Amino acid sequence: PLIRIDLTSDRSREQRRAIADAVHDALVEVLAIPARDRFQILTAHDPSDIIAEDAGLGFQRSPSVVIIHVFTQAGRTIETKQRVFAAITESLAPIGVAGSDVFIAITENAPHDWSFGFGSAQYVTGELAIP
């Protein structure tokens, strides 16, 4: 999967990488993807450029929101997705991201929508196995 992580500049570079390592670890744990199946883009913003309210659920976030947008091939069940959300958030708590401050989205495509390099579609050529 390709993960876009958008967070705020008040967080140190060290914590940004901890955040990314945690998100990856969680995905490996729950999806059982190769440990080197890691593709992430981290973008830091001024806090005012991320606006994430509470959807009417009655809680408050700090300004240090972390938005995690997972682009991944279809196939995973609802329950597997619930576990993804849980593991990501649980992995982040001990490195300093509160549960209230994490927002996660999943967007799906097919195995034939990926190229990992060299102009090749490795799921189509079978150079990479499909989960």
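When you see a residue number, it is the position in the sequence shown, counting from 1.
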Highest mean C-alpha temperature factor of the two stretches 2-10 and 121-129, which is it? 121-129
Entry B factor averaged over C-alpha atoms, 30-38 against 46-54: higher for 30-38
In terms of its chain's C-alpha B-factors, the third that includes residue 67 is the lowest
Taking the chain's C-alpha temperature factors as the reference, tell me which third residue 110 falls into: lowest, middle or highest. highest
Chain third (lowest, middle, highest) by recorded CA B-factor, residue given as residue 78: middle
Residue 84: which third of its chain by C-alpha temperature factor? middle
Lowest, middle or highest third - CA B-factor, residue 95: highest
